[PDB]
Every structure is written in C-alpha cells, then in structure tokens.
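The block underneath contains the structure these notes are about, expressed in structure tokens.
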Amino acid sequence: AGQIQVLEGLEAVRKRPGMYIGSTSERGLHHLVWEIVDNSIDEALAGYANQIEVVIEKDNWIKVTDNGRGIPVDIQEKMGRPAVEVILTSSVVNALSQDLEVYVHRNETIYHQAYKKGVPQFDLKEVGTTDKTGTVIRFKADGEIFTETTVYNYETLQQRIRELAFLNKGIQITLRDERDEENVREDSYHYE
Ligand SMILES: O=c1nc[nH]c2scc(-c3cccs3)c12
Ligand SMILES: [Cl-]
C-alpha cells in the first residue's frame, strides 16, 4: 500500500504540476532548485551542515551538494525501503525530473540511487567509501513538464542564492555554471 501510494503521488504531481510548484514556466523551473536548496538549508539550521553548492551542469542538469548528515539509509518501518528512497520518491522535484540521482555520504559509505520521473531505477546501492557526510542531488528537469524552457538563468539563481546566504548567516552557499566548459563562472556567498 505504501509503494502504491508512492506511485499515485507521482502521477498526481505530474498531472497538475502547477498546483505543486506554481507554474511550469521559467519560474517553476527555478522553483525546483529552491525546493532542493531549502532541504539543505533545513539541515544547516538543525546544526549539521554549513556548506551548500549549486552547480548548473552541462545540458542544464542541476547538482546540489551539502555537508549535512546524509539522508538516512536505514530500512523503514512504514515502507520497508531505505529512508532516502522514501524521501526522494515523495519529492516534487523528483517527479518533475526526467532523471534524478542521489549520492549519500554516511556511515563511511557512499550510497547511490537513480530515478526517472520519480521511479527508482534500481535499489539503493553501496558504491564506495568515504570519510565525510552529506548529500548530493543531481536532476534534469523534465521537458515534458517544463514546455517553455529548461534552461536556467544564472542571474536568477545568483540573486536568490545571495539572498539565502544573507538570511541564513553562517551557511557558505556557492553557485557555479559549468554549462560552457571554456568559461566557468562561480559566485560564493558566506555571511558573518
Ligand atoms: O541533509 C539533507 N540534505 C538534503 N536533503 C535532505 S532530505 C532529508 C535530509 C535529512 C534528514 C535527516 C538527515 S539528512 C536532507
Ligand atoms: Cl543510516
């Protein structure tokens, strides 16, 4: 019933995405970033993270990285699935992404899962080891949903990232554009 409710939720989001994110215009595209960044900001506010990095990658993938605890990976009571999978298959961003990947650094282990339109492509796996903790989310917005544009605007991202860093003092928030490998731009914000 839990996994069935998962699937019904992804169907709902993709049927009326503007009810979830405001619009499917350029403003809704950028909203995807804000939803992921806000989760990392909560982790900083909780006392566990202090660095967030937003990267516009080739082909308008977005990568958000924080140094928090790592999304948990323990098997749940409710779903019988790893906690990170439950969290990400209930995420609006995941539903509205043609592809999304997570890497969790936790328990000295690197865990990976990938999804398409919110559907896990394989079970969460251990892919490597680590001496850090935190979370990496990489997504590509689904052009079937975002029919006007899937191209991010650096200055739109920059203006809100700067605002977030100013509002959440002590969090280092970095924006980087890698879409043109020949001219990479980066702004990094860290108040007080
Ligand atoms: O730490 C996080 N970074 C990004 N997204 C999420 S969603 C849930 C969490 C965490 C909950 C508890 C530890 S990490 C995070
Ligand atoms: Cl865990």
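Residue numbers start at 1 in each chain; chains themselves are named A, B, ... in the order of the structure tokens; ligands are numbered from 1 in the order shown.
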Test item, alpha helix (DSSP H) assignment across segment 28-179 of chain A, answer as a PyMOL selection string: chain A and resi 28-45+83-88+92-95+154-167
Restrict the selected residues to C-alpha atoms and save them as an mmCIF file, in the first residue's frame.
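Written file, part-v4.cif:
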data_model
loop_
_atom_site.group_PDB
_atom_site.id
_atom_site.type_symbol
_atom_site.label_atom_id
_atom_site.label_comp_id
_atom_site.auth_asym_id
_atom_site.auth_seq_id
_atom_site.Cartn_x
_atom_site.Cartn_y
_atom_site.Cartn_z
ATOM 1 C CA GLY A 28 8.561 26.884 -11.940
ATOM 2 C CA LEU A 29 11.804 25.562 -13.410
ATOM 3 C CA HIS A 30 13.800 27.596 -10.940
ATOM 4 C CA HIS A 31 11.448 26.591 -8.174
ATOM 5 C CA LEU A 32 12.879 23.040 -8.479
ATOM 6 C CA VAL A 33 16.226 24.398 -7.327
ATOM 7 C CA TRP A 34 14.677 26.263 -4.406
ATOM 8 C CA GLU A 35 12.922 23.130 -3.160
ATOM 9 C CA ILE A 36 16.183 21.158 -3.015
ATOM 10 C CA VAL A 37 18.221 24.040 -1.597
ATOM 11 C CA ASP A 38 15.609 24.587 1.101
ATOM 12 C CA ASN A 39 16.046 20.956 2.296
ATOM 13 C CA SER A 40 19.783 21.601 2.648
ATOM 14 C CA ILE A 41 19.157 24.838 4.452
ATOM 15 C CA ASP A 42 16.963 22.977 6.984
ATOM 16 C CA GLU A 43 19.868 20.624 7.586
ATOM 17 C CA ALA A 44 22.127 23.626 8.302
ATOM 18 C CA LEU A 45 19.521 25.143 10.585
ATOM 19 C CA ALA A 83 14.574 6.093 4.180
ATOM 20 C CA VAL A 84 16.353 8.067 1.388
ATOM 21 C CA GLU A 85 14.256 6.275 -1.200
ATOM 22 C CA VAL A 86 11.015 7.116 0.642
ATOM 23 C CA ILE A 87 12.054 10.806 0.924
ATOM 24 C CA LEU A 88 13.036 11.097 -2.713
ATOM 25 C CA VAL A 92 8.046 17.022 -6.212
ATOM 26 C CA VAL A 93 11.424 17.703 -7.837
ATOM 27 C CA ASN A 94 11.951 14.013 -8.462
ATOM 28 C CA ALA A 95 8.562 13.581 -10.008
ATOM 29 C CA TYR A 154 22.388 32.241 -13.804
ATOM 30 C CA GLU A 155 21.430 35.693 -12.568
ATOM 31 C CA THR A 156 18.038 34.427 -11.268
ATOM 32 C CA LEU A 157 19.846 31.653 -9.353
ATOM 33 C CA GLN A 158 22.548 34.042 -8.140
ATOM 34 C CA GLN A 159 20.096 36.631 -6.838
ATOM 35 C CA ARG A 160 18.176 34.131 -4.726
ATOM 36 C CA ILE A 161 21.322 32.273 -3.537
ATOM 37 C CA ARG A 162 22.803 35.509 -2.332
ATOM 38 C CA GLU A 163 19.527 36.324 -0.570
ATOM 39 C CA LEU A 164 19.501 32.881 1.101
ATOM 40 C CA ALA A 165 23.021 33.216 2.354
ATOM 41 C CA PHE A 166 22.273 36.685 3.712
ATOM 42 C CA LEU A 167 19.161 35.403 5.533
#
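Neighbouring residues of ligand 2 at a cut-off of 6 Å, counting only C-alpha atoms and all ligand atoms, are residues 72, 73 and 74 of chain A.
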Could you take the residues named above and write them with N, CA and C atoms, as a PDB file, in the first residue's frame?
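Below is the file selection_36.pdb, written as the result:
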ATOM      1  N   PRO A  72      19.144   9.670   5.587  1.00  0.00           N
ATOM      2  CA  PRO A  72      19.296   8.376   6.152  1.00  0.00           C
ATOM      3  C   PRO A  72      19.027   7.268   5.165  1.00  0.00           C
ATOM      4  N   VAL A  73      19.687   6.129   5.413  1.00  0.00           N
ATOM      5  CA  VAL A  73      19.564   4.974   4.521  1.00  0.00           C
ATOM      6  C   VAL A  73      19.018   3.693   5.153  1.00  0.00           C
ATOM      7  N   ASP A  74      18.633   3.795   6.420  1.00  0.00           N
ATOM      8  CA  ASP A  74      18.126   2.646   7.161  1.00  0.00           C
ATOM      9  C   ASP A  74      16.771   2.252   6.625  1.00  0.00           C
TER      10      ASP A  74
END
Residues of segment 23-47 of chain A that have any atom at most 7 Å from an atom of segment 132-148 of chain A: could you tabulate them with the shortest-distance atom pair and the distance in Å to one decimal, using only C-alpha atoms, ordered by chain and increasing number, as a tab-separated table?
residue	atom	partner	partner_atom	distance
A:24	CA	A:146	CA	5.1
A:25	CA	A:148	CA	5.9
A:26	CA	A:148	CA	7.0
A:29	CA	A:146	CA	6.8
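Here atom CA of residue 90 of chain A and atom CA of residue 116 of chain A stand 13.0 Å from one another.
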Nearest candidate to residue 100 of chain A (options A:46, A:114, A:7, A:171; using only C-alpha atoms): A:114
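The neighbours of residue 5 of chain A here are the residues that come within 12 Å of it, using only C-alpha atoms and leaving out any residue fewer than 2 positions away in the same chain; they are residues 1, 2, 3, 7, 8, 9, 10, 11, 12, 78, 79, 86, 89 and 90 of chain A.
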May I have the residues from that selection written out with C-alpha atoms, as an mmCIF file, in the first residue's frame?
data_model
loop_
_atom_site.group_PDB
_atom_site.id
_atom_site.type_symbol
_atom_site.label_atom_id
_atom_site.label_comp_id
_atom_site.auth_asym_id
_atom_site.auth_seq_id
_atom_site.Cartn_x
_atom_site.Cartn_y
_atom_site.Cartn_z
ATOM 1 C CA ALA A 1 0.000 0.000 0.000
ATOM 2 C CA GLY A 2 2.971 2.279 0.735
ATOM 3 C CA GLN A 3 4.619 1.765 -2.728
ATOM 4 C CA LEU A 7 3.111 5.759 -7.498
ATOM 5 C CA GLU A 8 -0.211 7.525 -7.120
ATOM 6 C CA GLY A 9 1.619 10.515 -5.729
ATOM 7 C CA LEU A 10 3.999 10.770 -8.651
ATOM 8 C CA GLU A 11 1.003 10.504 -11.046
ATOM 9 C CA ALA A 12 -0.733 13.408 -9.165
ATOM 10 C CA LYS A 78 6.425 2.082 7.021
ATOM 11 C CA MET A 79 7.781 1.407 3.536
ATOM 12 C CA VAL A 86 11.015 7.116 0.642
ATOM 13 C CA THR A 89 10.049 9.205 -4.168
ATOM 14 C CA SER A 90 7.808 11.668 -2.380
#
Pick from A:175, A:80, A:151, A:187, whichever lies nearest to residue 58 of chain A using only C-alpha atoms: A:151
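Among A:50, A:109, A:98, A:23, the residue with the shortest atom-to-atom distance to ligand 1, counting only C-alpha atoms and all ligand atoms, is A:50.
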Exercise: residue 131 of chain A partners within 10 Å, only C-alpha atoms, chain neighbours under 4 positions left out, as a list in words: residues 105, 106, 107, 108, 109 and 110 of chain A
Just the selected residues (N, CA, C and O atoms), exported as a compact mmCIF listing (two decimals), in the first residue's frame, please.
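That gives us part.txt:
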# COMPACT_ATOMS: atom_id res chain seq x y z
N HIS A 105 26.65 10.29 1.43
CA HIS A 105 27.86 10.00 2.17
C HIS A 105 27.42 9.84 3.66
O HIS A 105 27.08 10.83 4.34
N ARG A 106 27.43 8.59 4.18
CA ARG A 106 27.03 8.39 5.58
C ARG A 106 27.56 7.06 6.03
O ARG A 106 27.69 6.18 5.21
N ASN A 107 27.80 6.90 7.31
CA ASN A 107 28.28 5.60 7.85
C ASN A 107 29.61 5.15 7.12
O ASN A 107 29.78 3.93 6.82
N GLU A 108 30.40 6.08 6.62
CA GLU A 108 31.66 5.83 5.93
C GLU A 108 31.46 5.13 4.61
O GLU A 108 32.38 4.59 4.04
N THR A 109 30.30 5.30 4.03
CA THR A 109 29.86 4.61 2.89
C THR A 109 29.26 5.62 1.92
O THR A 109 28.68 6.62 2.37
N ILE A 110 29.40 5.35 0.61
CA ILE A 110 28.72 6.15 -0.38
C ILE A 110 27.61 5.34 -0.95
O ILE A 110 27.83 4.18 -1.46
